[PDB]
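First comes the structure, then the notes that go with it.
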Amino acid sequence: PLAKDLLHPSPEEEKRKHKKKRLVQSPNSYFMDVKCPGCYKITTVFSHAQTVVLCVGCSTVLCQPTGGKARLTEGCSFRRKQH
Amino acid sequence: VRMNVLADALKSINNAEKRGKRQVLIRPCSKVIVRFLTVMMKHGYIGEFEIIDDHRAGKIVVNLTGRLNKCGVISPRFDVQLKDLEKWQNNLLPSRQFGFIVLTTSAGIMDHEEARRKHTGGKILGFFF
Amino acid sequence: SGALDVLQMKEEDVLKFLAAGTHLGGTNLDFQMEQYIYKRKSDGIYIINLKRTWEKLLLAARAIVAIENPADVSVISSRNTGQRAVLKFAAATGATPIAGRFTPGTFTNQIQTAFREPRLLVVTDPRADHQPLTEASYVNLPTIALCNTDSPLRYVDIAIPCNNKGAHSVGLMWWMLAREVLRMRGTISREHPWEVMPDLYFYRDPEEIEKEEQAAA
Amino acid sequence: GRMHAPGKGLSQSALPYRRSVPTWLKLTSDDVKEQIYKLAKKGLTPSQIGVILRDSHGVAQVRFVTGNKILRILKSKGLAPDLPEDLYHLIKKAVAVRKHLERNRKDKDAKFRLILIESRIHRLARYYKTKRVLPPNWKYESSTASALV
Amino acid sequence: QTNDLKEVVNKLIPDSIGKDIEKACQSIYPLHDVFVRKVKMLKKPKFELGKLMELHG
RNA sequence: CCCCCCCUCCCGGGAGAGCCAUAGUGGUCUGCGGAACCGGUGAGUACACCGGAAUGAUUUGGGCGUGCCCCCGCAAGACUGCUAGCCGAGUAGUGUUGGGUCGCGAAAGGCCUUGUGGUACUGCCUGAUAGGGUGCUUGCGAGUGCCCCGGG
RNA sequence: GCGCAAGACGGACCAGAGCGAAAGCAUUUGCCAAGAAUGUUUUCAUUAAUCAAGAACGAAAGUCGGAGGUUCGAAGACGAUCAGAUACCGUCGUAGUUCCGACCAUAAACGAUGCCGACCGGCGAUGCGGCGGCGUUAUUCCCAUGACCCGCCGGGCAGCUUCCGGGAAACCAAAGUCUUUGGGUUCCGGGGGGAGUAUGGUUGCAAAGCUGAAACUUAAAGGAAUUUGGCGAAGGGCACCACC
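Structure below.
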């Protein structure tokens with residue numbers, strides 16, 4: 002295209018591009034809250050956790066480290082935090 | 002590595018000018034780039050530009066118009082006197098009716114005509130016509 | 002081009018679009034056709050936006066009616082899909098037709114018997130008719146083309162996004178182009194339907210011709 | 002790209018534009034200072050401390066919630082290690098490579114990598130000498146690498 | 177290791193080992209042509225007539 | 001007396017996990033008001049004692065992921081699973097590559113309404129009329145046909 | 001046809017696929033050390049790029065000292081071929097080819113194209129890592145992992161097209177952004193021979209490696225492309241001044 006407005010693009014183009022090639026750099030990671038079905042302790046787990054985080058009480062394992070995003074165990078429902 | 006940010010900025014501006022684009026994205030800004038673009042605005046070669054302020058190093062989006070032939074940067078910053086400016090005028094400009102030399106004087110970044118008007122000289126930056 | 006309220010695409014035209022298979026295109030997508038595409042779906046078929054097609058058709062109709070000599074518009078179709086359609090278009094609006102075997106040298110070689118020097122050019126396919134496109138470059142002559150989602154855009158000026166593969170859609174574009182040009186010129190009233198039949202512009206295989214001759218009287 | 006490799010990488014962290022403390026975080030800077038002191042008493046590097054805090058305790062950075070970084074806090078309290086951690090890791094890797102070459106003399110590629118690692122060690126040690134973190138009489142050698150961990 | 181020669185030859189007449197390999201390896205990468213291509217014999221014990229007449233009836 | 005098969009054609013009856021309706025049910029999702037908002041206590045999933053506080057007197061179900069999760073009453077919707085009388089019963093057995101709340105899947109016997117219509121098909125094996133292999137036909141390429149039985 | 005012994009090598013799978021700074025690397029398993037890319041809201045904070053002196057690695061052949069020598073095979077012994085054949089061809093065959101320990105530092109070591117950084121068209125695939133989404137399968141339910149399918153992102157070997165642009169052209173998405181000439185930096189060439197030759201220094205046991213002239217002689221030597229012509233070059237046809 003001969004004329005492209007780079008001052009404000011569409012949001013799906015900002016989502017599509019690399020995290021460093023945007024007009025303003027924004028990370029693709031996020032913070033979230035998980036809870037066990039049995040034990041009731043809401044904790045904060047990073048998306049790319051890269052480590053074994055444990056509940057307060059040491060009963061159930063929350064996540065396993067992977068190459069990218071961490072693998073939450075079955076039954077531990079989650080939702081994204083924002084403000 | 003990246004050693005001359007202004008030369009890269011004018012190289013990208015000249016490349017997108019030859020390509021025919023209407024907007025140029027300069028990734029690293031500087032105060033020198035802002036003064037150079039302000040001079041090119043005030044002499045009517047580029048349009049209305051922006052500074053994309055992030056917290057590391059800002060980006061600049063330049064609205065282009067079809068009035069620019071070439072933007073160049075002389076490297077390194079050769080010191081030039083008032084009697085040595087005419088040599089640069091004959092071996093750098095395409096004509097005497099137009100063309101400007103941006104030089105870094107102690108009174109600020111300005112063109113050669115204002116440098117002759119304020120009776121001062123400095124170091125070379127670049128040229129545009 | 003469609004900015005007025007009388008220049009809106011009416012009820013029957015959308016039905017003709019959906020029955021002629023205009024809204025769906027080919028498999029590949031040209032990068033000049035990013036804006037004339039609504040979205041993609043299953044089995045690799047791109048959806049052409051009908052409103053932008055209407056805007057480009059009105060723009061091409063304005064460009065055609067803008068000149069005052071109707072014989073100075075030359076319309077070329079060399080594929081069998083648009084042989085009779087451009088003939089009916091030239092009979093309707095007064096244009097000059099070329100139907101198959103465009104000889105390389107009409108617009109440039111000045112001593113030929115077929116030396117044509119028009120002012121505006123309409124062609125039905127940018128890809129198969131690459132010979133009038135490069136010949137239109139040597140003279141100051143614009144070009145309006147019926148372009149697909151995969152047709153390359155070079156030396157074109159008004160690109161109407163359509164399905165130029167089926168004969169029904171091609172005949173529908175030529176019929177509405179003649180209709181809109183005659184409506185802008187003033188020969189055809191804007192509110193009374195001058196619609197004779199759209200099938201006079203439609204190409205068919207000859208097997209269907211003997212089939213219709215056997216099934217009819 | 003890299004310094005001793007022909008490849009080019011673009012894998013690094015990208016901080017958000019907002020440098021403000023989020024409203025959902027309920028940790029006052031003295032509590033995260035206490036947690037940093039506890040993890041340092043457990044014997045961890047500042048990088049691993051930042052990893053554990055970011056993964057478990059929900060903080061983004063210490064520096065966005067406290068006016069100092071992790072190493073600055075550890076130097077203010079007075080329990081930071083006497084050697085930088087990257088130069089220590091490079092010395093440990095060079096010791097492991099030299100231990101590999103004590104029994105395998107046919108591995109020319111490992112000798113090449115040992116030369117590269119020692120060049121990186123000297124290049125970092127020159128900068129740490131000019132920044133006055135290391136004493137001026139410090140010198141990386143073979144026999145000095147065995148006594149140091 | 178839990179069979180002697182008779183029923184393992186009976187197992188070698190069809191490709192039951194091949195079908196078991198193809199079924200077991202489906203979760204790793206699916207195979208389609210698995211056949212036991214060669215069976216050799218390294219060591220042979222002392223010759224006993226009774227096993228020969230049990231192997232012929 | 002051309003005595004053996006074998007292929008096809010007209011029509012009809014059975015077994016099997018097809019589709020469209022029908023009866024019995026079971027789940028996921030959806031909106032409305034918790035007399036109005038800020039904290040302290042014993043683990044806090046629905047929890048209970050209160051202090052502030054709103055209209056002399058009275059008082060509004062919770063958690064901390066501050067915005068959707070529980071428990072309520074109302075209102076009917078969209079989608080899906082099983083059975084083809086129902087209960088026995090998802091019960092043994094079987095199963096894996098890693099788990100689960102787990103697929104496949106019986107009969108004995110008993111209470112009644114004695115058990116809902118149309119439309120097709122079936123080479124052989126494996127693990128369903130699915131899935132994945134692989135044949136018969138004339139040498140090829142493409143079609144028809146290759147479950148059991150009865151009359152010609 | 002059944003067995004024994006010796007040494008060498010790892011076909012088919014094997015690709016304009018992978019790794020390594022280059023030379024180079026292909027049976028299975030086990031041990032040790034190392035590395036690119038991807039992911040990161042982790043840490044230090046300018047630690048960076050190119051490089052006289054100096055330093056590691058470095059195909060095959062060649063040298064010194066051992067063990068072993070299956071096949072192949074410089075020198076050599078013959079048999080044909082030919083006017084001659086100490087050549088092509090065939091049979092043997094010594095060093096060498098293999099491993100260990102010590103040497104040289106040479107290739108058309110070629111992408112005949114230095115390294116770092118930025119910008120300028122499109123498309124379909126491919127190897128790795130990550131992300132998202134209808135469906136099929138590891139037999140019918142759920143989740144995650146493998147295997148397919150549709151796309152995005154980053155790095156890498158590459159491909160097709162192009163009046164971007166360049167060039168003497170072949171061609172190149174770099175060999176582009178070059179009279180509109182300046183991003184940073186190392187090495188190197190000034191007509192063809194003499195000549196990588198003489199001499200001096202230096203390294204090596206040796207073969208040889210690095211540095212490296214001058215006298216004299218010459219008007220051309222070369223690069224790309226077009227036309228003819230002739231090929232013991234290929235593909236189609238013809239002729240009793242060609243053949244059967």
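Residue numbers (the authors' numbering), protein chains in the order written: chain c, 2 to 84; chain X, 2 to 130; chain B, 2 to 218; chain O, 2 to 150; chain C, 177 to 233.
Idealized CB from N, CA, C, for every residue including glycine.
In this structure, the CA atom of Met4 (chain X) is about 14 Å from the CA atom of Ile34 (chain X).
Between the C-alpha atoms of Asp130 (chain B) and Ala92 (chain B) there is a straight-line separation of about 22 Å. Contact annotation: in the stretch 17 to 32 of chain c, residues whose CB is within less than 7 Å of a CB in chain O are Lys20, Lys21, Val25, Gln26, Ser27, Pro28, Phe32. In the displayed model, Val15 (chain B) falls within a helix according to three-state DSSP. For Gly194 (chain C), the closest alpha carbon among the candidates C:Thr178, C:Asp209, C:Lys219 is that of C:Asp209.
Within the model, the alpha-carbon separation for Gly59 (chain O) versus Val25 (chain c) is close to 24 Å. Distances from the CA of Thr29 (chain O) to each of O:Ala126, O:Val63, O:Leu16 were compared; the closest alpha carbon is that of O:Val63. Put simply, of X:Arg68, X:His120, X:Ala116 the residue whose alpha carbon is nearest the alpha carbon of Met42 (chain X) is X:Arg68.
For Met41 (chain X), the three-state secondary structure derived from DSSP is helix. Counting only runs of 3+ residues, the beta strand (DSSP E) found wholly inside the stretch 79 to 123 of chain B occupies 97 to 100, in chain order. Among the residues facing chain c, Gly44 (chain O) is not included, as its CB has no counterpart in that chain under 7 Å away. Minimum Cα-Cα distance from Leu173 (chain B) among the listed residues B:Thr28, B:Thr23, B:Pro71 corresponds to B:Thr23. Beta-bridge partners of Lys60 (chain X) (DSSP): X:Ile53. Cβ proximity to chain c below 7 Å picks out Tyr18, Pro23, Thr24, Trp25 from the stretch 18 to 30 of chain O.
Looking only at X:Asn16, X:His56, X:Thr39, the smallest Cα-Cα distance to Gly48 (chain X) is reached by X:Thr39. DSSP places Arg80 (chain c) inside the beta strand (DSSP E), whose first and last residues are 79 to 81. Assigned with DSSP and collapsed to three states, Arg213 (chain C) falls in coil, not helix or strand.
Annotation: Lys36 (chain c) is outside any beta strand (DSSP E) and is labelled neither H nor E by DSSP. Contact between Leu115 (chain O) and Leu125 (chain O) is absent: CB atoms are separated by about 16 Å, not below the 8 Å threshold. Straight-line spacing of the CA atoms in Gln65 (chain c) and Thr52 (chain c) works out to 7 Å. 7 Å or more divides the Cβ of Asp112 (chain X) from the Cβ of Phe128 (chain X). Counting other Cβ atoms within 10 Å of its Cβ, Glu214 (chain B) stays below 16 and is therefore classed as exposed. Only residues of its own chain outside the window of five on either side were considered, and among them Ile118, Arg121, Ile122, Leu125 have a CB closer than 8 Å to the CB of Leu91 (chain O), listed in chain order. Taking all protein chains in view, the Cβ of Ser78 (chain B) is crowded by 16 or more other Cβ atoms within 10 Å, so the residue is classified as buried. Contacts between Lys19 (chain X) and chain c, judged by CB atoms closer than 7 Å, are missing: the closest CB pair is about 13 Å apart. A distance below 7 Å separates the beta carbons of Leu25 (chain B) and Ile46 (chain B).
In terms of CA proximity to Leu93 (chain X), X:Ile125 leads the group X:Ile125, X:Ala108, X:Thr66, X:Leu65. Between the stretch 133 to 146 of chain O and the stretch 196 to 212 of chain C there are fewer than three C-beta pairs closer than 8 Å, too few to call the two in contact. With respect to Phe18 (chain B), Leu58 (chain B) sits apart: the two C-beta atoms are not nearer than 7 Å.
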